[PDB]
Amino acid sequence: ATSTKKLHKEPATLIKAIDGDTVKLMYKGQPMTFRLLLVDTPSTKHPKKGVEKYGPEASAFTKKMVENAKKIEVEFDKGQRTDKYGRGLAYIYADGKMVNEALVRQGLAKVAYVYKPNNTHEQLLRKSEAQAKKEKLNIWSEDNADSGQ
C-alpha cells in the first residue's frame, strides 16, 4: 500500500460526445472512443419517457460538462487501459469534475457491473448512486421506479 496520486490523468479534448457514457475524444492528437465502464445509463439515446423535456439525459449532460470544461483529463485505472471493444477505459474529468460521479450523483447514470480490476472509483460512484436514490433524482424519480407508500 502507500500511494501518492490516485491513478493517472492524461490530457484530452472532446471531438464528439456519442452519448452519455460513451464519448469520442481526441486523446493526444488521436480520436479515441471511451466508455466510462462503471456507469451505465438507461434508455441511452432518448429521455426516460418523453413527456416534455424533463431530463436532458446523460447524452447532453456529459456533452455539456465536457464542452464547458477548460481541461479534459482522462484517468486510466489500475487494470486494463482499453475495453474489449477497443474503447478507452478512463475516468474522464471535465474541468476537474469527474463525469462518472457527476452522472451518477445527479441520477442520470447507474452503477453497473464494473469490469474489475478497473475499479478505483467504483466506491465513489456507489455512494453517489445511493445518494441519487434517496433523493429520487431523475432516473430514480417516480416513473420507472415508483416506490414508496
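Chain A is numbered as in Swiss-Prot, which gives 80-228 for the residues shown.
The deposited model was determined using solution NMR.
Cβ coordinates are placed from backbone N, Cα and C, and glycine is handled just like the others.
Long-range C-beta contacts of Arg114 (active site), restricted to its own chain and to partners at least six residues apart, with a cutoff below 8 Å, comprise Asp100, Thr101, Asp162, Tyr164, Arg166, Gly167, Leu168. According to DSSP, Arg114 (active site) is assigned to a strand segment. Swiss-Prot lists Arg114 (among others) with the feature active site.
As annotated by Swiss-Prot, active site applies to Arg166 (among others). Around the Cβ of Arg166 (active site), a 10 Å sphere holds 19 further Cβ atoms from the protein chains shown.
Annotated Ca(2+) binding site per Swiss-Prot: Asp100, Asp119, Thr120, in sequence order, evidence recorded as sequence analysis. Cβ neighbours within 10 Å of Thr120 (Ca(2+) binding site), excluding its own Cβ and spanning all shown chains: 23.
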**OP:** Note down the number of other Cβ atoms within 10 Å of the Cβ of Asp100 (Ca(2+) binding site), including every protein chain shown.
**Re:** 24
**OP:** Let me know how many other Cβ atoms fall within 10 Å of the Cβ of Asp119 (Ca(2+) binding site).
**Re:** 19
**OP:** Compute the mean position of the Cβ atoms of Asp100, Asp119, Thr120, which form the recorded Ca(2+) site, and then list in sequence order the other residues of that chain whose Cβ is within 8 Å of it.
**Re:** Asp98, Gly99, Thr101, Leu115, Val118, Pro121, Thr123, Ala137, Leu182, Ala188, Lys189, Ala191
